[PDB]
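Visitor: Sharing a structure, written as structure tokens. Questions coming.
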Amino acid sequence: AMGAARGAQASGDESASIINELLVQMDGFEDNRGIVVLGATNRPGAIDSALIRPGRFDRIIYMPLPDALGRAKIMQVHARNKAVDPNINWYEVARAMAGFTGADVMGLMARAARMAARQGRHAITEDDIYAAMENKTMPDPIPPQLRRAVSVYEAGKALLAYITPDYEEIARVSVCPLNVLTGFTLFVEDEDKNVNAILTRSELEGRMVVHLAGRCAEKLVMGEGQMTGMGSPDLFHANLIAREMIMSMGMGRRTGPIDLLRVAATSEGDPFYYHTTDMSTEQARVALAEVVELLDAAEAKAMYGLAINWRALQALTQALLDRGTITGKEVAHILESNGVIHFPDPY
Amino acid sequence: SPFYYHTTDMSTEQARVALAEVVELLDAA
Amino acid sequence: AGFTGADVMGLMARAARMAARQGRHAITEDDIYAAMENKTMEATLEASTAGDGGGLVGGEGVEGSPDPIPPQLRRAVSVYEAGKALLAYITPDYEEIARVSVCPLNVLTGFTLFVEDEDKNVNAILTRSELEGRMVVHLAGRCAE
Amino acid sequence: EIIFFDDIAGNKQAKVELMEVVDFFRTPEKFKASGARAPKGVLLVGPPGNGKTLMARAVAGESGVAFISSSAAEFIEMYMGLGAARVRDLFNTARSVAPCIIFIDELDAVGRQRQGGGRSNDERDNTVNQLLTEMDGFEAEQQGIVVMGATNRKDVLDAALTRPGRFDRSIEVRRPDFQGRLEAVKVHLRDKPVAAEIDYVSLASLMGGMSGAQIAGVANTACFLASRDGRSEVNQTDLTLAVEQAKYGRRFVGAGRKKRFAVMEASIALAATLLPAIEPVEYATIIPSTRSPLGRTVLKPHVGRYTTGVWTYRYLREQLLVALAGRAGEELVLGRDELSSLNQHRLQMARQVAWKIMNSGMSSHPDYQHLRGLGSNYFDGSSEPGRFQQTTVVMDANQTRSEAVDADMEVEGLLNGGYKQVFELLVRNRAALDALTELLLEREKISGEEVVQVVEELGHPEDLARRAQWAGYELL
Amino acid sequence: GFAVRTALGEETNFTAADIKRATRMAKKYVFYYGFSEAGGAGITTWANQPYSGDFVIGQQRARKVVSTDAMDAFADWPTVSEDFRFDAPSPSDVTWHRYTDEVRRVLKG
Amino acid sequence: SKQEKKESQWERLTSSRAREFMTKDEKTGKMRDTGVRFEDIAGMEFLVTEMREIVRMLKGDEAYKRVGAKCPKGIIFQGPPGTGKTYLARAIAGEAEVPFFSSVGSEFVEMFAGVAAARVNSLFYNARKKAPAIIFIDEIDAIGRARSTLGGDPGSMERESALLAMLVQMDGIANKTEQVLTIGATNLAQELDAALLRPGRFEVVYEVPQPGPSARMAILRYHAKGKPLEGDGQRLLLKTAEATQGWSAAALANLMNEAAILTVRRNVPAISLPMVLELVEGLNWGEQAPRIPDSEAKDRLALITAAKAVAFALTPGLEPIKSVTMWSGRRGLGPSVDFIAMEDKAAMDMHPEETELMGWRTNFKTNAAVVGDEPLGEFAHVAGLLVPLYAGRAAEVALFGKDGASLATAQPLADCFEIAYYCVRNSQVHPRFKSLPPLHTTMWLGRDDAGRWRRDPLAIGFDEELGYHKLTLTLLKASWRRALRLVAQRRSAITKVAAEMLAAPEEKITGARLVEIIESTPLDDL
Amino acid sequence: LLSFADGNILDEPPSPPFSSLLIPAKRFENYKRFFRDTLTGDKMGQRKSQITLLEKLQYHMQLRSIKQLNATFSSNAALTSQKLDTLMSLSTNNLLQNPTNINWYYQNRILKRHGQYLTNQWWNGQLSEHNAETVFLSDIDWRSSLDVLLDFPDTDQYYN
Amino acid sequence: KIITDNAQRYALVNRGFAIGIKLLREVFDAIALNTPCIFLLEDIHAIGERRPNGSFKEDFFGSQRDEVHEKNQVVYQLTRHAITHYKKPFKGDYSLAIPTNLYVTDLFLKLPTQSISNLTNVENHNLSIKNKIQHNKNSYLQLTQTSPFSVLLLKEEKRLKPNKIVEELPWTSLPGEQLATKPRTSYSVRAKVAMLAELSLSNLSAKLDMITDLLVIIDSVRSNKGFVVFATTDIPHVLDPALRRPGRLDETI
Ligand SMILES: [Mg+2]
């Protein structure tokens with residue numbers, strides 16, 4: 001409020017005067033033995049040049065967003081005031097508070113108290129906390145063959161993501177949920193992953209195979225002439241992987257250790273893009289031969305991985321035809337009760 | 001103010017001849 | 001050519017500094033030529049060397065600039081500047097040479113200072129013979145190297 | 001003085017919608033059994049010069065209540081916080097003298113949509129805010145006072161103003177129609193001396209397209225020309241000249257540049273008359289106007305195509321010929337080394353026609369003939385409600401790099417074969433061409449029947465046969 | 001420039017200032033005004049019409065009107081309204097070849 | 001007399017001019033009441049519930065402070081103009097039975113400097129003196145507007161002073177014993193200052209949406225109490241509520257008002273739904289355009305529209321056709337072929353995405369095209385769209401030859417290469433490219449921050465050698481021949497549909513009659 | 001330091017930073033439209049521009065609301081809203097399986113387009129002035145004959 | 001003793017009136033009263049940037065407001081200066097009219113530029129056409145990671161974004177009211193381009209040449225005695241050659 005930069009709404013005699021006298025008291029004839037000026041700001045770029053010079057305001061400390069147990073603690077310390085919850089699990093209540101700040105927690109518990117009072121009660125209970133979301137919120141339509149195609153696709157993708165070592169965990173496999181024409185296989189996002197870790201060759205190849213799995217399941221169960229273009233983003237990602245191993249990591253024996261691609265993050269639509277290098281026709285044809293080899297090899301491995309698990313594939317697609325949405329726990333159960341055969345891990 | 005100083009929209013077959021002439025001047029020099 | 005009063009007074013100051021750098025008090029004309037060369041090379045290395053890039057100075061001790069400028073890299077600079085001056089001498093009606101030098105401001109290039117007359121082509125004329133002679137003189141250094 | 005509804009011309013619909021307001025104002029009985037309140041806002045939209053202030057005064061008169069007139073230019077002030085003061089004092093006086101009618105002119109210059117913009121957007125915005133809390137505001141009303149505003153375009157004002165509840169009725173003021181001009185020609189000469197030999201339907205159909213202020217201006221000009229002539233009033237013949245010079249305006253043109261005009265307009269007329277798919281001629285003139293630096297030939301508008309859009313392919317070929325006829329005749333009469341720069345824009349027009357033929361799926365290339373345009377079409381709205389502008393994108397993903405060469409080769413064949421064809425046409429009919437240009441030089445303006453008579457008595461026999469074969473057909 | 005060259009017997013940069021001007025005019029001869037024989041008559045599938053100076057962020061001088069270069073621009077009629085401007089599709093680098101060859105024929109003659 | 005001259009001028013210049021409501025003004029025995037309670041508000045049940053619980057909590061609850069529930073003493077309403085926020089403020093003032101200071105954000109800054117801050121001070125002082133109370137600063141857009149970066153304006157100076165005075169004065173409620181409640185109403189809430197939205201000053205902000213169908217019917221039912229209606233008002237209200245999508249409450253009130261006015265303008269006792277539908281059309285678009293005058297060109301326009309419609313009605317996979325119009329009553333626009341909207345399918349119990357599922361059903365019929373026991377496949381399904389686009393031009397070239405082709409039929413045909421390009425290249429289901437390795441021959445590798453795309457670097461010559469252009473042209477040639485044969489076989493039905501829509505009352509034909517015409521007529525001889 | 005002018009328009013004049021003329025930018029905008037619709041899409045992976053999951057959910061919600069209105073005032077609900085906003089949280093996952101793109105064409109090339117018919121197509125070149133640019137800028141108007149309205153189109157732009 | 005001050009604190013201009021540029025001469029003549037002293041002045045390029053020929057005017061707009069003789073003289077001198085003033089003292093310096101200075105700059109600063117590509121639908125390199133008006137990891141697998149919510153999300157929602165394509169209206173526009181709930185620059189190209197152009201022109205119009213009085217006050221400090229002035233900078237090549245002339249700022253470090 002006071003420490004604004006120059007050229008603001010003043011004539012250099014009122015604001016400049018007060019911040020210069022702040023200076024003169026901070027630096028001029030320093031006798032501040034035990035005094036500390038602890039300012040509070042969240043726009044640290046707007047402070048004047050002469051106000052953060054060495055000596056005046058150098059220590060600058062940052063506080064992050066409140067998180068799960070941090071906001072749990074802010075609840076608990078805030079919970080010494082009222083006729084509060086005697087003792088109820090709220091450590092997982094913070095899971096339903098993704099993207100909230102301290103002010104959000106204060107206002108939410110305030111409205112929760114208000115609705116607990118609206119309930120004629122004198123004390124507040126746990127579920128009425130959820131009752132915050134109470135206010136701010138305010139035959140088959142699908143033909144057979146489409147249901148069959150999407151079920152076979154998702155079964156193939158989930159089965160191959162299950163039997164592949166080091167792959168992530170299946171969270172939800174659903175086919176046309178809520179009669180909306182769609183489908184997806186969701187995976188459990190982990191924070192134990194540290195992106196600075198490098199990826200070995202076997203891990204990248206496993207991901208390529210998992211991406212081709214669903215299209216190969218379609219081709220094997222229903223015939224080539226019944227393939228749709230539904231598996232296009234998977235094809236796009238498999239092609240991204242195969243072009244980066246050859247043109248970013250030098251894993252092609254005919255190109256060699258030459259760098260021709262560079263991922264780059266956008267100033268934040270997609271999160272990223274690539275820096276390329278203009279190639280001749282020879283360089284480009286030699287890289288293309290390798291990419292094609294990688295991709296057709298991955299396709300053959302996906303086909304074998306599905307063919308030696310035909311019974312578990314059948315069980316999984318039938319479960320999807322009958323329920324239309326299964327969890328990762330049940331995927332594991334259906335696959336194990338039918339003799340699923342995992343891929344070997346040589347390392 | 002890639003970096004370019006000169007631009008030209010002449011046809012490709014005239015660009016051939018003009019560049020051949022620049023090259024033979026430089027060879028003689 | 002092209003100087004004015006402010007130019008010549010600043011030139012006298014920089015010339016006195018250049019004369020100090022050789023352990024003398026009286027300004028000689030060689031100190032004036034050295035002042036001209038110094039201004040020119042500083043201007044060119046300020047334009048080349050900027051925020052980073054660089055790679056042209058030769059006396060800073062940093063990982064870029066070796067300290068004594070190895071001898072095989074001095075033979076080359078001398079051969080370069082010798083070929084250029086030799087071709088500028090035997091060319092009929094080229095400019096005249098005032099001072100040939102090597103390693104000005106420790107950069108790895110030569111510097112030949114040319115006196116020219118402003119009244120043969122009054123800041124405006126370029127004939128064909130002159131342009132061809134310039135081309136030959138500018139290729140001579142590489143060719144001699 | 002006081003005005004009433006019987007002082008305005010035209011706008012019968014506007015008169016009905018305003019008599020609605022006066023009937024609600026003075027005698028609100030029908031609207032007791034109706035069960036309906038009265039409207040608070042009436043927005044008059046329309047071009048300027050058709051009486052958007054006079055009709056406001058007339059409604060204030062037939063209502064027989066006060067009328068505090070003010071313009072928005074009075075609310076334009078660069079001091080701090082006086083616009084809202086003026087709005088407030090105006091509305092307080094209006095509330096004190098209720099009932100009332102508050103008319104605000106120049107509304108389009110203050111009530112445009114609020115934005116970040118410059119620093120005027122700190123105060124000019126504030127002003128408008130005051131307005132937004134007077135017509136609706138708190139207090140739920142003052143009386144039900146009627147407020148009206150003069151603006152030219154409703155889309156420029158922000159959504160907060162023109163919304164219902166602050167401007168309920170929105171009426172339009174167009175230019176005078178045939179009936180409007182029919183009665184405004186006489187109503188503007190009731191207080192003007194004039195003779196008996198006048199047919200108002202002739203001038204009503206003769207000056208369609210002018211504003212009412214322009215009718216007042218042409219009456220003023222005819223009266224003043226009478227003054228300068230010595231007579232007090234005017235007959236038909238001279239006020240016709242007054243209106244025609246109010247349209248095309250009143251420069252010296254040399255005698256060598258005049259024959260160029262004559263030759264090119266005569267060649268255009270001869271072409272448009274001898275090609276069977278082109279409309280007949282209306283009139284040809286060589287007198288340059290204030291905006292066009294050469295002569296003009298005008299064709300009679302065919303309402304069929306203009307209303308539906310059925311412009312066939314035969315018509316586009318003939319229109320190419322007619323676009324090149326000017327240069328063809330210039331080079332034929334005045335020798336090749338006298339080609340002038342007077343056909344720069346007719347060459348751009350012929351390029352337009354020739355590229356439209358390709359972009360419309362009319363080429364003769366088999367890969368293009370009845371299948372494709374040139375590229376991808378995108379439309380974008382122009383400066384009007386129903387207007388769109390087309391755009392074609394052509395890239396490597398739709399043109400193959402040797403269809404580009406073919407497109408150029410074909411368009412250029414169209415252009416240059418059309419030039420040759422119209423040239424040999426004008427050659428076969430030299431006599432008619434020279435007769436037309438002599439006549440144009442001696443009369444300076446001619447009508448279509450004269451051209452038709454000359455061409456019919458002088459043209460080539462084969463061209464007249466081809467012309468008479470397709471004579472009766474309604475559309476070609 | 002050709003006079004200086006025929007007096008001295010040697011080229012100069014004086015030609016450099018001549019041909020520039022001439023080239024502009026020669027293009028305006030071939031494309032915009034349609035005087036050449038580029039196509040059988042001189043009608044060409046593309047031209048570049050001028051814009052008015054009103055579009056430039058302009059200034060004003062106290063000078064007299066140029067003899068030729070600015071008094072010949074009295075015959076142009078530039079474009080003043082933006083939603084009625086016509087630019088045909090650009091040529092195809094096999095058509096541009098032939099058009100610029102016509103420009104060359106004019107200049108050489 | 002001498003100096004309190006100027007100081008009296010000052011304290012008149014800087015006195016609070018806010019209108020005080022719900023207190024008894026001792027001038028004549030009067031007290032300004034609003035005249036609106038919580039029952040005059042329709043279709044905002046959530047907001048009225050929140051406001052009711054707040055006005056109970058503020059008026060001697062002892063049941064909300066029973067549970068420590070404090071009132072949010074800063075409230076903001078925001079939403080598009082015409083949603084009725086000031087009416088909610090009036091109803092709150094009515095039902096609050098406490099002092100209510102109505103004021104606007106456009107009166108503070110004026111002639112002199114220091115006036116706005118002093119007016120805000122006076123207002124908040126006389127408010128806090130009479131606690132509990134309510135303040136209502138309407139259109140805070142002029143006071144709480146964000147502090148700019150530059151601009152040397154004394155009006156900007158006064159805005160800054162008023163803003164920070166406002167801020168410190170609602171900071172003047174630091175002892176929570178003061179129970180002043182402040183309300184703001186705006187539609188430019190984005191331009192507010194971030195310091196205001198901070199907790200402790202303006203904790204809660206409310207959005208008012210444009211009414212949905214239920215809220216629209218509620219507002220109509222309310223504003224129709226006291227007016228004559230023809231027949232059962234419930235059906236009329238249902239129709240006019242599900243026909244005015246996107247309207248605001250002020251618009252609906254004005255609609256009913258002018259409907260009554262027109263009802264008594266032309267001497268008709270009651271209001272029939274055709275008149276109100278005509279009103280909503282004339283209010284959406286404006287003046288009604290006249291029809292096209294008869295010509296030998298209206299006959300050809302009729303014929304090409306008829307061929308387009310008859311080819312839409314035999315395309316397997318398209319939604320039902322609702323009407324074929326020849327008038328359209330708008331300016332710039334011509335004939336049209338219309339399809340069923342959300343309302344009719346809602347009445348029919350059909351899936352929202354049915355054009356997608358019609359690619360895989362097996363035994364059905366939609367308008368006049370039947371598909372039997374084998375689905376289309378997003379190749380035949382999309383590539384069947386190309387015949388209704390070539391049908392006008394085919395009718396022309398078949399009845400007249402190339403000389404009779406028009407510009408009327410060139411904009412459809414100029415949109416076919418994009419569809420065929422999708423079918424061949426981007427859809428990835430072309431019979432030819434299904435048997436290749438899983439290589440993606442159409443990859444672009446993203447945009448940068450300057451917004452430029454880049455191509456897959458391996459792709460030198462892919463579009464030339466995979467033969468995409470010749471395949472698109474094969475698709476288009478085959479489509480043209482299909483449409484030619486179609487127009488040659490349905491000659492009689494095209495003629496008859498044209499004739500029947502030309503001689504119609506509103507120049508309209510209905511989808512069912514179009515279908516019946518196409519069905520009853522036999523085929524031609526080629 | 002010599003560029004040979006490969007992929008671009010031949011003679012293009014400068015832009016507002018330099019020349020205050022707005023035609024090249026107006027054509028660049030349609031170039032970008034074409035790029036998104038035909039070549040790339042909105043994100044990496046999509047076949048073309050697509051009907052988003054949000055738009056599908058919104059069609060569903062509108063149909064549901066109109067149905068509930070028509071059924072309640074002319075006479076399994078909260079679970080629907082709950083799990084429906086559950087799906088709404090996905091949306092940004094690129095790897096959703098969408099089998100068909102016919103709805104994009106039906107909604108963008110048939111309902112926004114060739115279902116209708118634009119009637120202002122062309123004009124004869126011979127007007128009361130020597131131009132359409134002069135007729136449009138004239139002081140009165142020249143587009144009124146029954147006094148029908150005879151409009152001339154705006155010029156077509158080519159960008160190749 | 002030492003006196004330090006920054007130059008950005010004096011680049012304050014409004015209404016085309018630079019207030020601080022005489023505040024600076026005032027502080028200078030105050031430095032001149034406390035001898036002997038060192039005066040620091042950092043980031044002088046803030047008040048020392050280049051005050052702004054063109055053939056694009058006679059090519060496309062046709063102005064030609066110049067006699068042919070002066071244009072011919074300009075051409076003669078330009079050719080001779082480009083060709084013969086390379087590396088000549090005080091005639092050939094930080095001059096953008098010589099192409100070899102730019103060659104040297106791009107040779108040492110930039111990284112190796114590549115040739116054109118063999119692709120299609122791109123310009124010459126693997127890129128698209130660029131906007132007409134200017135407003136560590138190995139794979140992509142490591143790159144995929146009441147009041148405030150509403151107000152600031154809708155604040156981020158309505159701002160003008162230059163890299164958004166443009167929507168398209170249904171040829172039978174949205175009915176009245178709905179068209180007013182939409183920011184005009186989201187469905188209209190004319191509107192978006194008008195706004196961008198106004199932004200660009202306004203941000204360019206902030207030149208306000210201040211070099212001349214800075215020059216005269218720099219020349220002012222050689223008539224004093226007994227103090228010194230250091231002017232520190234970061235980009236000395238973007239400074240205008242009016243300062244680098246002998247007598248103003250040439251002793252460099
Ligand atoms: Mg309001």
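Here, A, B, ... name the chains of the structure tokens in the order displayed, residue numbers run from 1 inside each chain, and ligands are numbered from 1 in the same displayed order.
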Any idea which chain E residues end up within 12 Å of chain D if we count only C-alpha atoms, as a ChimeraX atom specification please?

Guide: /E:28-50,72-79,82-99

Visitor: Given the selection you just returned, output its residues as a file containing N, CA and C atoms, formatted as a CSV table (one decimal), in the first residue's frame.

Guide:
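Saved the output as result-v6.csv:
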chain,number,residue,atom,x,y,z
E,28,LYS,N,4.8,-1.4,-63.3
E,28,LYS,CA,3.5,-0.7,-63.4
E,28,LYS,C,3.1,-0.7,-64.9
E,29,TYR,N,4.0,-0.8,-65.8
E,29,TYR,CA,3.7,-0.9,-67.2
E,29,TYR,C,3.0,-2.3,-67.5
E,30,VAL,N,3.6,-3.3,-66.9
E,30,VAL,CA,3.2,-4.7,-67.3
E,30,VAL,C,2.0,-5.2,-66.5
E,31,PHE,N,1.9,-4.9,-65.2
E,31,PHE,CA,0.8,-5.4,-64.4
E,31,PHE,C,-0.4,-4.5,-64.3
E,32,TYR,N,-0.2,-3.3,-63.8
E,32,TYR,CA,-1.3,-2.5,-63.4
E,32,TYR,C,-2.0,-1.9,-64.5
E,33,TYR,N,-1.3,-1.3,-65.5
E,33,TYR,CA,-1.9,-0.6,-66.6
E,33,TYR,C,-2.2,-1.4,-67.8
E,34,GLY,N,-1.5,-2.5,-68.0
E,34,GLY,CA,-1.9,-3.4,-69.0
E,34,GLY,C,-1.5,-3.0,-70.4
E,35,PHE,N,-0.2,-2.5,-70.5
E,35,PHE,CA,0.3,-2.1,-71.8
E,35,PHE,C,1.0,-3.1,-72.6
E,36,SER,N,1.5,-4.1,-72.0
E,36,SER,CA,2.4,-5.1,-72.6
E,36,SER,C,1.7,-6.0,-73.5
E,37,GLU,N,2.3,-7.2,-73.8
E,37,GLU,CA,1.7,-8.3,-74.5
E,37,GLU,C,1.8,-9.6,-73.7
E,38,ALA,N,1.5,-9.5,-72.4
E,38,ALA,CA,1.7,-10.6,-71.5
E,38,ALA,C,0.4,-11.5,-71.5
E,39,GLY,N,0.3,-12.4,-72.4
E,39,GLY,CA,-0.9,-13.3,-72.5
E,39,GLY,C,-1.5,-13.4,-73.9
E,40,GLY,N,-1.1,-12.5,-74.8
E,40,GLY,CA,-1.7,-12.4,-76.1
E,40,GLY,C,-2.2,-11.0,-76.4
E,41,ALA,N,-2.9,-10.5,-75.4
E,41,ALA,CA,-3.1,-9.1,-75.1
E,41,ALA,C,-2.3,-8.8,-73.9
E,42,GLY,N,-2.4,-7.6,-73.3
E,42,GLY,CA,-1.6,-7.3,-72.2
E,42,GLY,C,-2.3,-7.5,-70.8
E,43,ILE,N,-3.3,-8.4,-70.8
E,43,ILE,CA,-4.1,-8.5,-69.5
E,43,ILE,C,-3.5,-9.7,-68.7
E,44,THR,N,-3.3,-9.4,-67.5
E,44,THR,CA,-2.5,-10.2,-66.6
E,44,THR,C,-3.4,-10.6,-65.4
E,45,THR,N,-3.1,-11.8,-64.9
E,45,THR,CA,-4.0,-12.4,-63.8
E,45,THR,C,-3.8,-11.8,-62.5
E,46,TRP,N,-2.9,-10.8,-62.3
E,46,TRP,CA,-2.6,-10.3,-61.0
E,46,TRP,C,-2.0,-8.9,-61.1
E,47,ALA,N,-2.5,-8.0,-60.2
E,47,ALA,CA,-1.9,-6.7,-60.2
E,47,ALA,C,-1.9,-6.2,-58.8
E,48,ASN,N,-1.0,-5.2,-58.5
E,48,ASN,CA,-0.9,-4.6,-57.2
E,48,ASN,C,-1.3,-3.2,-57.3
E,49,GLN,N,-2.4,-2.9,-56.8
E,49,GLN,CA,-3.0,-1.5,-56.8
E,49,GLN,C,-2.5,-0.8,-55.6
E,50,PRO,N,-2.3,0.5,-55.6
E,50,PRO,CA,-1.8,1.2,-54.5
E,50,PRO,C,-2.8,1.5,-53.4
E,72,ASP,N,3.1,12.1,-61.7
E,72,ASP,CA,2.5,10.9,-62.4
E,72,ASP,C,1.6,10.1,-61.6
E,73,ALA,N,1.7,10.2,-60.3
E,73,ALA,CA,0.8,9.6,-59.4
E,73,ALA,C,-0.6,10.3,-59.3
E,74,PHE,N,-0.8,11.2,-60.2
E,74,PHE,CA,-2.2,11.8,-60.3
E,74,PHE,C,-3.1,10.9,-61.1
E,75,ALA,N,-2.6,9.9,-61.7
E,75,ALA,CA,-3.4,9.0,-62.6
E,75,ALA,C,-3.7,7.7,-62.0
E,76,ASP,N,-3.6,7.5,-60.7
E,76,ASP,CA,-3.6,6.2,-60.1
E,76,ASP,C,-4.9,5.8,-59.5
E,77,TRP,N,-5.6,6.6,-58.7
E,77,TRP,CA,-6.8,6.2,-58.0
E,77,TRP,C,-6.6,5.1,-57.1
E,78,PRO,N,-5.9,5.4,-55.9
E,78,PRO,CA,-5.7,4.3,-55.0
E,78,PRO,C,-6.9,3.7,-54.3
E,79,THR,N,-6.8,2.8,-53.4
E,79,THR,CA,-7.9,2.2,-52.7
E,79,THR,C,-8.0,2.9,-51.4
E,82,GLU,N,-11.4,-0.4,-47.0
E,82,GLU,CA,-10.7,-1.7,-46.8
E,82,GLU,C,-11.5,-2.9,-47.1
E,83,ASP,N,-12.9,-2.8,-47.0
E,83,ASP,CA,-13.7,-4.0,-47.3
E,83,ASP,C,-14.1,-4.1,-48.7
E,84,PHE,N,-13.5,-3.4,-49.6
E,84,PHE,CA,-13.7,-3.5,-51.1
E,84,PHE,C,-12.4,-3.6,-51.8
E,85,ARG,N,-11.4,-4.1,-51.2
E,85,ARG,CA,-10.1,-4.2,-51.9
E,85,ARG,C,-10.0,-5.6,-52.5
E,86,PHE,N,-9.4,-5.6,-53.8
E,86,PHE,CA,-9.3,-6.8,-54.5
E,86,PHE,C,-7.8,-7.1,-54.7
E,87,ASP,N,-7.4,-8.3,-54.2
E,87,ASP,CA,-6.1,-8.9,-54.5
E,87,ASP,C,-6.3,-10.3,-55.1
E,88,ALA,N,-6.0,-10.5,-56.3
E,88,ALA,CA,-6.1,-11.8,-56.9
E,88,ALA,C,-5.1,-12.8,-56.2
E,89,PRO,N,-5.3,-14.1,-56.4
E,89,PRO,CA,-4.3,-15.0,-55.9
E,89,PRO,C,-3.0,-14.8,-56.6
E,90,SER,N,-1.9,-14.9,-55.8
E,90,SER,CA,-0.6,-14.7,-56.2
E,90,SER,C,-0.2,-15.7,-57.3
E,91,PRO,N,0.7,-15.4,-58.2
E,91,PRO,CA,1.0,-16.3,-59.2
E,91,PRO,C,1.9,-17.5,-58.7
E,92,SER,N,2.3,-18.4,-59.6
E,92,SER,CA,2.6,-19.7,-59.2
E,92,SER,C,4.1,-20.1,-59.4
E,93,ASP,N,5.0,-19.0,-59.6
E,93,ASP,CA,6.4,-19.2,-59.8
E,93,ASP,C,6.8,-19.9,-61.1
E,94,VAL,N,5.8,-20.4,-61.9
E,94,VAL,CA,6.0,-20.6,-63.3
E,94,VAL,C,5.2,-19.6,-64.1
E,95,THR,N,4.3,-18.9,-63.5
E,95,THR,CA,3.7,-17.8,-64.1
E,95,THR,C,4.4,-16.5,-63.8
E,96,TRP,N,4.9,-16.4,-62.6
E,96,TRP,CA,5.7,-15.3,-62.2
E,96,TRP,C,7.0,-15.2,-63.1
E,97,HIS,N,7.5,-16.4,-63.5
E,97,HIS,CA,8.6,-16.4,-64.4
E,97,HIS,C,8.3,-15.6,-65.7
E,98,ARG,N,7.2,-15.9,-66.3
E,98,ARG,CA,6.9,-15.3,-67.6
E,98,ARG,C,6.5,-13.8,-67.4
E,99,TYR,N,5.8,-13.5,-66.3
E,99,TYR,CA,5.5,-12.1,-66.2
E,99,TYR,C,6.8,-11.2,-65.9

Visitor: Kindly assemble as JSON lines a list of the chain H residues that lie within 9 Å of chain D, each paired with its nearest atom pair and their distance in Å to one decimal, using only C-alpha atoms, sorted first by chain and then by ascending residue number.

Guide:
{"residue": "H:120", "atom": "CA", "partner": "D:396", "partner_atom": "CA", "distance": 6.5}
{"residue": "H:121", "atom": "CA", "partner": "D:396", "partner_atom": "CA", "distance": 5.8}
{"residue": "H:168", "atom": "CA", "partner": "D:380", "partner_atom": "CA", "distance": 7.9}
{"residue": "H:169", "atom": "CA", "partner": "D:380", "partner_atom": "CA", "distance": 8.4}
{"residue": "H:171", "atom": "CA", "partner": "D:386", "partner_atom": "CA", "distance": 8.4}
{"residue": "H:172", "atom": "CA", "partner": "D:386", "partner_atom": "CA", "distance": 8.5}
{"residue": "H:173", "atom": "CA", "partner": "D:385", "partner_atom": "CA", "distance": 8.8}
{"residue": "H:177", "atom": "CA", "partner": "D:159", "partner_atom": "CA", "distance": 8.0}
{"residue": "H:180", "atom": "CA", "partner": "D:159", "partner_atom": "CA", "distance": 6.2}
{"residue": "H:181", "atom": "CA", "partner": "D:159", "partner_atom": "CA", "distance": 8.5}
{"residue": "H:188", "atom": "CA", "partner": "D:380", "partner_atom": "CA", "distance": 7.0}
{"residue": "H:189", "atom": "CA", "partner": "D:380", "partner_atom": "CA", "distance": 7.0}
{"residue": "H:190", "atom": "CA", "partner": "D:380", "partner_atom": "CA", "distance": 8.2}

Visitor: Set the cut-off to 7 Å, count only C-alpha atoms and all ligand atoms, and list whatever residues fall near ligand 1 as a list in words.

Guide: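 So, counting only C-alpha atoms and all ligand atoms, the residues near ligand 1 are residues 133, 136 and 137 of chain D; 84, 85 and 86 of chain F.
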